[PDB]
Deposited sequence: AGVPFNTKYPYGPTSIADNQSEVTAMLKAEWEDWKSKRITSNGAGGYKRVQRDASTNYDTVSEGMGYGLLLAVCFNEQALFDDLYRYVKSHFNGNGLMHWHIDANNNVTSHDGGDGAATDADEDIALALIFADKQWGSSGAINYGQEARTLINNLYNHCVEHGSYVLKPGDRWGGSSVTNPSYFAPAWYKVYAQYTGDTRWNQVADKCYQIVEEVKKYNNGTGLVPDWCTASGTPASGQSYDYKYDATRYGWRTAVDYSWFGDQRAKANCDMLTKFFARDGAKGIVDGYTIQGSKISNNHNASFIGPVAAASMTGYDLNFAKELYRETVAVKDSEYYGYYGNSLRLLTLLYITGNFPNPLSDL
């Protein structure tokens, strides 16, 4: 079960590359990121020294996606027990918890962050399909409950706009890096709730609006309104949020053959081909202007993911090599190195649709 899946994506390349390397990188990530300290009897994904080993719900999502793909059931279950120990009044995880297991003050730590719970829900579907739900945790039941909570609290019911939190945002402000059409199609097929297809379509419509303002680069902003225009007081640049877009959105092409995903990801990949793999930096305006110049793991792997849609498979190979080569030092070892491992799973053929023949 799990890595190596030995599956072939139905569209695009099977891999742009490995199994031994992935397992070694997983053992390293697990050693550094997983702890029982401050985990309430369970396990949690901690951030790094730069934020004093706190936990964010997104990190729980990453850890569950990784743990199921690496066939780590006992660990998955303990991570999920920590998540459940932090569901808020809406059934969505508190977004920010300190190292002592207290929800944080002054930053809306009680509220949830949609991208985290979307990943947690997808990971639960994988767990159901890979291990079955008759054991200690009924993964399928937990997934259905979470998906229902996501739809009820995190989707505008008329427009289908994805909200960034359960108690704020929507058409006046949301986050393109949270957009996950392939996840939504899986939710629709797994649960039978077809409304998730309209949520996916709305994400593509937003990206189409953003094309009016991104000067043909394929870049997306960290935050924007439903008109694809700046969200007040929030970054409109392609920075540490937006970088996840190429990862989440290329998957719809590989799993479902979505031509909108390919058209968009080809644009993004083509933009990065201007400077090449070594030239990727950690901040651009959406018109392409560099605003930061660090070359790190938060930005390389997602471009490798976008490259899966086929703009240039030779460049894709170079991006794979760069993704492997650039690993962040440990003081800042949480975010980039997590995206690196997630994207490495995808671009090596080890992130199959959980509803497919595994």
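- Residues of the deposited sequence lacking C-alpha coordinates fall in a single stretch, 18-22, numbered from 1.
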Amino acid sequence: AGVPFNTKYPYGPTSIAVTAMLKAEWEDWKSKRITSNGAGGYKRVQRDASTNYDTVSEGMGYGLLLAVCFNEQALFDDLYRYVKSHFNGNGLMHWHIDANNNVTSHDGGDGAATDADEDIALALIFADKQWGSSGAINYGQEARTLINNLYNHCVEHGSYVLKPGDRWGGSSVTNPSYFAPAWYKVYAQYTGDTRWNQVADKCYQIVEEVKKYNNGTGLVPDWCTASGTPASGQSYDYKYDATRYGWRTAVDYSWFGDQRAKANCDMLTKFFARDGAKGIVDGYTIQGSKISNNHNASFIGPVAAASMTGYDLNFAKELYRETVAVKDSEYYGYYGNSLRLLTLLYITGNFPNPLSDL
From here on, numbers count along this sequence of modelled residues.
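- The deposited model assigns a higher average Cα B-factor to 104-112 than to the other stretch when 104-112 and 155-163 are compared.
- Comparing 235-243 with 209-217, the higher mean C-alpha B-factor in the PDB entry belongs to 209-217.
- The residue among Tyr320, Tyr311, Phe299, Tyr331 whose C-alpha carries the highest B-factor in the deposited model is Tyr331.
- In this structure the maximum Cα B-factor among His96, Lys185, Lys129, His86 is found at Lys129.
- Per the PDB record, residue ranking by Cα B-factor puts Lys32 in the middle third of the chain.
- In the deposited entry, the Cα temperature factor of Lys262 sits in the bottom third of values across the chain's modelled residues.
- Sorting the modelled residues of the chain by their CA temperature factor places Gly288 in the middle third.
- Sort the chain's modelled residues by C-alpha temperature factor and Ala123 lands in the lowest third, per the entry.
- Sort the chain's modelled residues by C-alpha temperature factor and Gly349 lands in the middle third, per the entry.
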